[PDB]
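Student: PDB, C-alpha atoms, saved as data_23.pdb, coming up:
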```pdb
ATOM      1  CA  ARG A  73      25.569 -13.845 -25.761
ATOM      2  CA  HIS A  74      25.558 -10.100 -26.287
ATOM      3  CA  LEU A  75      21.938 -10.167 -27.447
ATOM      4  CA  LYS A  76      20.840 -12.143 -24.437
ATOM      5  CA  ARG A  77      22.474  -9.676 -22.080
ATOM      6  CA  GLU A  78      20.693  -6.822 -23.813
ATOM      7  CA  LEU A  79      17.354  -8.544 -23.483
ATOM      8  CA  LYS A  80      17.698  -8.863 -19.738
ATOM      9  CA  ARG A  81      18.415  -5.145 -19.872
ATOM     10  CA  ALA A  82      15.612  -4.485 -22.326
ATOM     11  CA  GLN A  83      13.102  -5.987 -19.930
ATOM     12  CA  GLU A  84      14.670  -4.236 -16.962
ATOM     13  CA  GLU A  85      13.870  -0.970 -18.617
ATOM     14  CA  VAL A  86      10.220  -1.718 -18.953
ATOM     15  CA  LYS A  87       9.915  -3.120 -15.487
ATOM     16  CA  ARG A  88      10.771   0.290 -14.089
ATOM     17  CA  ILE A  89       7.682   1.423 -15.927
ATOM     18  CA  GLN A  90       5.755  -1.569 -14.672
ATOM     19  CA  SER A  91       6.258  -0.750 -11.013
ATOM     20  CA  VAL A  92       4.488   2.194  -9.380
ATOM     21  CA  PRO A  93       3.380   5.022  -9.652
ATOM     22  CA  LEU A  94       0.324   3.646 -11.372
ATOM     23  CA  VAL A  95      -3.306   4.334 -11.928
ATOM     24  CA  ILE A  96      -6.008   1.711 -12.091
ATOM     25  CA  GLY A  97      -8.292   1.230 -15.054
ATOM     26  CA  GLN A  98     -10.837  -1.302 -16.277
ATOM     27  CA  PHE A  99     -10.633  -3.203 -19.558
ATOM     28  CA  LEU A 100     -13.702  -2.903 -21.706
ATOM     29  CA  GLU A 101     -12.946  -4.701 -24.942
ATOM     30  CA  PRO A 102     -10.040  -5.271 -27.285
ATOM     31  CA  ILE A 103      -9.766  -3.515 -30.577
ATOM     32  CA  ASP A 104      -7.026  -5.693 -31.938
ATOM     33  CA  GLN A 105      -4.815  -7.805 -29.692
ATOM     34  CA  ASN A 106      -1.984  -5.248 -29.621
ATOM     35  CA  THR A 107      -4.328  -2.348 -28.960
ATOM     36  CA  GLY A 108      -7.103  -2.328 -26.408
ATOM     37  CA  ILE A 109      -9.653  -0.011 -24.874
ATOM     38  CA  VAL A 110      -9.687   0.988 -21.240
ATOM     39  CA  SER A 111     -11.722   3.446 -19.275
ATOM     40  CA  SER A 112      -9.475   4.927 -16.615
ATOM     41  CA  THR A 113     -10.948   5.715 -13.207
ATOM     42  CA  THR A 114     -10.707   9.375 -14.008
ATOM     43  CA  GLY A 115     -13.608   8.568 -16.309
ATOM     44  CA  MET A 116     -11.666   9.052 -19.514
ATOM     45  CA  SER A 117     -11.161   6.622 -22.335
ATOM     46  CA  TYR A 118      -7.861   5.738 -23.814
ATOM     47  CA  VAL A 119      -6.810   3.501 -26.587
ATOM     48  CA  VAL A 120      -3.695   1.900 -25.288
ATOM     49  CA  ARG A 121      -0.906  -0.479 -26.160
ATOM     50  CA  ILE A 122      -1.302  -4.004 -24.856
ATOM     51  CA  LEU A 123       2.029  -4.949 -23.390
ATOM     52  CA  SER A 124       3.449  -8.275 -24.447
ATOM     53  CA  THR A 125       4.070 -11.141 -22.045
ATOM     54  CA  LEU A 126       0.751 -10.546 -20.303
ATOM     55  CA  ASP A 127      -2.610 -12.280 -20.006
ATOM     56  CA  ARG A 128      -4.860 -12.325 -23.013
ATOM     57  CA  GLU A 129      -7.505 -14.793 -21.881
ATOM     58  CA  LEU A 130      -8.690 -13.182 -18.680
ATOM     59  CA  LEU A 131      -7.833  -9.813 -20.137
ATOM     60  CA  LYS A 132     -10.244  -9.943 -22.987
ATOM     61  CA  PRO A 133     -13.302 -10.396 -20.746
ATOM     62  CA  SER A 134     -13.833  -7.435 -18.461
ATOM     63  CA  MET A 135     -11.262  -7.299 -15.657
ATOM     64  CA  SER A 136      -9.108  -4.883 -13.744
ATOM     65  CA  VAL A 137      -5.875  -3.830 -15.290
ATOM     66  CA  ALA A 138      -2.988  -1.601 -14.407
ATOM     67  CA  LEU A 139      -1.984   1.389 -16.473
ATOM     68  CA  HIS A 140       0.821   3.833 -16.202
ATOM     69  CA  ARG A 141       0.084   7.381 -15.100
ATOM     70  CA  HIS A 142       2.629   9.374 -17.093
ATOM     71  CA  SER A 143       2.710   7.246 -20.238
TER      72      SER A 143
ATOM     73  CA  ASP B  89      12.567  29.686  16.097
ATOM     74  CA  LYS B  90       9.055  30.829  15.191
ATOM     75  CA  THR B  91      10.297  31.401  11.682
ATOM     76  CA  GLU B  92      12.663  28.442  11.641
ATOM     77  CA  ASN B  93       9.688  26.169  12.150
ATOM     78  CA  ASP B  94       8.000  27.811   9.215
ATOM     79  CA  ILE B  95      11.020  27.184   7.011
ATOM     80  CA  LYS B  96      10.975  23.481   7.811
ATOM     81  CA  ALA B  97       7.309  23.164   6.927
ATOM     82  CA  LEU B  98       7.790  25.221   3.798
ATOM     83  CA  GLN B  99      10.633  23.271   2.228
ATOM     84  CA  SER B 100       8.612  20.149   2.897
ATOM     85  CA  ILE B 101       5.505  19.354   0.889
ATOM     86  CA  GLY B 102       2.052  18.120   1.686
ATOM     87  CA  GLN B 103       0.793  14.589   1.896
ATOM     88  CA  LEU B 104      -2.269  13.259   0.185
ATOM     89  CA  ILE B 105      -4.338  10.803   2.112
ATOM     90  CA  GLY B 106      -5.593   7.431   1.020
ATOM     91  CA  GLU B 107      -6.756   4.286   2.717
ATOM     92  CA  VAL B 108      -5.746   0.697   2.069
ATOM     93  CA  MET B 109      -8.566  -0.636  -0.107
ATOM     94  CA  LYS B 110      -6.976  -4.044  -0.812
ATOM     95  CA  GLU B 111      -3.547  -5.652  -0.503
ATOM     96  CA  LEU B 112      -2.156  -6.727  -3.871
ATOM     97  CA  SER B 113       1.462  -7.782  -3.295
ATOM     98  CA  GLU B 114       4.381  -7.339  -0.911
ATOM     99  CA  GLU B 115       5.443  -3.908  -2.094
ATOM    100  CA  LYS B 116       2.288  -2.952  -4.047
ATOM    101  CA  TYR B 117      -0.863  -1.728  -2.368
ATOM    102  CA  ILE B 118      -4.184  -0.762  -3.848
ATOM    103  CA  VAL B 119      -5.602   2.337  -2.282
ATOM    104  CA  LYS B 120      -8.747   4.281  -2.819
ATOM    105  CA  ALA B 121      -7.954   7.933  -2.345
ATOM    106  CA  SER B 122     -10.000  10.409  -0.319
ATOM    107  CA  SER B 123     -10.103  12.504  -3.475
ATOM    108  CA  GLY B 124     -11.260   9.446  -5.398
ATOM    109  CA  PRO B 125      -9.493   7.464  -8.155
ATOM    110  CA  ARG B 126      -7.688   4.286  -7.118
ATOM    111  CA  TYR B 127      -3.989   3.792  -7.612
ATOM    112  CA  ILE B 128      -1.300   1.263  -7.097
ATOM    113  CA  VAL B 129       1.350   2.750  -4.922
ATOM    114  CA  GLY B 130       4.486   1.660  -3.144
ATOM    115  CA  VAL B 131       5.872   1.560   0.351
ATOM    116  CA  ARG B 132       9.017   2.702   2.011
ATOM    117  CA  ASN B 133      10.713   0.645   4.663
ATOM    118  CA  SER B 134       9.211   3.228   6.969
ATOM    119  CA  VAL B 135       6.092   1.054   7.340
ATOM    120  CA  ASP B 136       5.515  -2.647   8.115
ATOM    121  CA  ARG B 137       3.175  -5.177   6.582
ATOM    122  CA  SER B 138       2.078  -6.190  10.079
ATOM    123  CA  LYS B 139       1.348  -2.532  10.734
ATOM    124  CA  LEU B 140      -1.131  -2.194   7.886
ATOM    125  CA  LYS B 141      -4.721  -3.351   7.766
ATOM    126  CA  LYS B 142      -7.563  -2.115   5.593
ATOM    127  CA  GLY B 143      -9.547   0.999   6.239
ATOM    128  CA  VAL B 144      -6.424   2.353   7.875
ATOM    129  CA  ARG B 145      -5.535   5.749   6.433
ATOM    130  CA  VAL B 146      -2.172   5.971   4.758
ATOM    131  CA  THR B 147      -0.047   8.820   3.573
ATOM    132  CA  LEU B 148       1.117   9.188   0.033
ATOM    133  CA  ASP B 149       3.520  11.632  -1.487
ATOM    134  CA  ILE B 150       2.347  14.014  -4.144
ATOM    135  CA  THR B 151       5.587  13.664  -6.090
ATOM    136  CA  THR B 152       6.251   9.911  -6.031
ATOM    137  CA  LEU B 153       3.107   8.451  -4.424
ATOM    138  CA  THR B 154       4.684   6.214  -1.810
ATOM    139  CA  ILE B 155       3.568   5.448   1.710
ATOM    140  CA  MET B 156       5.902   6.625   4.440
ATOM    141  CA  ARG B 157       3.671   6.423   7.489
ATOM    142  CA  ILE B 158       0.469   5.304   9.113
ATOM    143  CA  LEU B 159      -2.242   7.925   9.491
ATOM    144  CA  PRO B 160      -5.105   8.014  12.028
ATOM    145  CA  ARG B 161      -8.699   7.902  10.802
ATOM    146  CA  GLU B 162     -10.635  10.904   9.564
ATOM    147  CA  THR B 163     -13.984  12.151  10.787
ATOM    148  CA  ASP B 164     -16.313  14.744   9.305
ATOM    149  CA  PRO B 165     -15.868  18.473   9.791
ATOM    150  CA  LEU B 166     -19.624  18.364  10.136
ATOM    151  CA  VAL B 167     -19.827  15.980  13.089
ATOM    152  CA  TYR B 168     -17.498  18.180  15.160
ATOM    153  CA  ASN B 169     -20.119  20.881  15.069
ATOM    154  CA  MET B 170     -22.586  18.580  16.801
ATOM    155  CA  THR B 171     -20.278  17.924  19.783
ATOM    156  CA  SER B 172     -20.129  21.685  20.305
ATOM    157  CA  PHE B 173     -23.839  21.775  21.017
ATOM    158  CA  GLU B 174     -24.476  20.983  24.604
ATOM    159  CA  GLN B 175     -26.448  24.061  25.724
TER     160      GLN B 175
END
```
Is it possible to express this structure as structure tokens?
Tutor:
Amino acid sequence: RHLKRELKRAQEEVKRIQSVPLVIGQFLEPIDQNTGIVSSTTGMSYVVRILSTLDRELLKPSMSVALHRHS
Amino acid sequence: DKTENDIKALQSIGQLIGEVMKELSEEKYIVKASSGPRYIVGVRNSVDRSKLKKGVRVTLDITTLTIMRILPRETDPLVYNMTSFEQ
């Protein structure tokens, strides 16, 4: 029961990061399935962590995607 | 009072203009900024959903990036020079 209460808190953490402020990128291609490539709309390329509990089947083809702006 | 008004502007900060490019979700809006790059940004309860439509200019903060108010449209500095010809 303790570990379940800390998960709800673990996710709560990351949801603060999920919500705005954000910047909008575009997914080019994966490089693993836990790392991906995006070109941000500042026209800069980042290799980035793929967050878990997300899409991976419309993500891998080219599609919009939300990235954090300070992380 | 002439200097009190300057204090009140000074301890405030500027706004950075966008426009609603596309609605995403209740509290999340996609804007395309007048400076360029698109963001996802939030809303206060200082604006309504029935008070926003697309191509309507919105304010953002430059320290949290959240909409507080509806902004009238913009129009070129250039086209104001043409209305000043009439001679």
Student: What is the CA of residue 107 in chain A to CA of residue 140 in chain A distance in Å?
Tutor: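 Going from CA of residue 107 in chain A over to CA of residue 140 in chain A, I get 15.1 Å.
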Student: Measuring atom to atom with only C-alpha atoms, identify which of A:134, A:139, A:113, A:125 is nearest to chain B.
Tutor: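 Among A:134, A:139, A:113, A:125, it is A:113 that comes nearest to chain B.
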Student: Please determine the contact residues of chain B with respect to chain A at a cut-off of 8 Å, counting only C-alpha atoms, and supply them as number ranges by chain.
Tutor: B: 116, 125-130, 152-153
Student: How many Å separate CA of residue 86 in chain A from CA of residue 115 in chain B?
Tutor: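 About the pair CA of residue 86 in chain A and CA of residue 115 in chain B: they are 17.7 Å apart.
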Student: Find the spatial neighbours of residue 143 in chain B, counting all atoms listed in the file, within a cut-off of 12 Å - ignore same-chain residues fewer than 2 positions away - and output them as an MDAnalysis selection string.
Tutor: chainID B and resid 105:111 118:122 140:141 145:146 158:162
Student: Show me, as a ChimeraX atom specification, the residues that have an atom within 8 Å of residue 111 in chain A when counting only C-alpha atoms, minus same-chain residues fewer than 6 positions from it.
Tutor: /A:97-100,117-118
Student: List the neighbours of residue 150 in chain B out to 10 Å using only C-alpha atoms; skip same-chain residues closer than 6 positions along the sequence, and give me the result as a PyMOL selection string.
Tutor: chain B and resi 101-105
Student: As an exercise, work out the distance from CA of residue 89 in chain A to CA of residue 123 in chain A in Å and give it to one decimal place.
Tutor: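 These two atoms are separated by 11.3 Å.
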Student: So that all listed atoms of range 97-116 of chain B fit with 4 Å spare on each side, what axis-aligned box centre and edge lengths in Å, to one decimal, would you give as JSON?
Tutor:
```
{"center_x": 1.0, "center_y": 8.7, "center_z": 1.4, "size_x": 27.2, "size_y": 41.0, "size_z": 19.0}
```
Student: Can you translate the PyMOL selection byres ((chain A and resi 128) around 12) into the concrete residues it hits in this file, as number ranges by chain?
Tutor: A: 99, 101-102, 104-108, 122-127, 129-135, 137
Student: Where atoms are missing, can you supply N, CA and C atoms for range 123-135 of chain B and output the lot as a CSV table (one decimal), in the coordinates of the input?
Tutor:
```
chain,number,residue,atom,x,y,z
B,123,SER,N,-9.7,11.7,-2.3
B,123,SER,CA,-10.1,12.5,-3.5
B,123,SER,C,-10.8,11.7,-4.5
B,124,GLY,N,-10.6,10.3,-4.5
B,124,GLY,CA,-11.3,9.4,-5.4
B,124,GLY,C,-10.3,8.4,-6.0
B,125,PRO,N,-10.1,8.5,-7.3
B,125,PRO,CA,-9.5,7.5,-8.2
B,125,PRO,C,-8.4,6.6,-7.5
B,126,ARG,N,-8.6,5.3,-7.7
B,126,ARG,CA,-7.7,4.3,-7.1
B,126,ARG,C,-6.4,4.3,-7.8
B,127,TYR,N,-5.3,3.9,-7.1
B,127,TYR,CA,-4.0,3.8,-7.6
B,127,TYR,C,-3.4,2.5,-7.1
B,128,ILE,N,-2.3,2.1,-7.7
B,128,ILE,CA,-1.3,1.3,-7.1
B,128,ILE,C,-0.1,2.1,-6.7
B,129,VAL,N,0.4,1.9,-5.5
B,129,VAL,CA,1.4,2.8,-4.9
B,129,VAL,C,2.3,1.8,-4.2
B,130,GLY,N,3.5,2.4,-3.8
B,130,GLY,CA,4.5,1.7,-3.1
B,130,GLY,C,4.6,2.0,-1.7
B,131,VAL,N,5.6,1.4,-1.1
B,131,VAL,CA,5.9,1.6,0.4
B,131,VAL,C,7.3,1.8,0.5
B,132,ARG,N,7.7,2.6,1.5
B,132,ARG,CA,9.0,2.7,2.0
B,132,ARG,C,9.3,1.5,3.0
B,133,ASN,N,10.5,1.5,3.5
B,133,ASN,CA,10.7,0.6,4.7
B,133,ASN,C,10.5,1.4,5.9
B,134,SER,N,9.6,2.4,5.9
B,134,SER,CA,9.2,3.2,7.0
B,134,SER,C,7.9,2.8,7.5
B,135,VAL,N,7.3,1.7,6.9
B,135,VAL,CA,6.1,1.1,7.3
B,135,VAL,C,6.2,-0.5,7.2
```
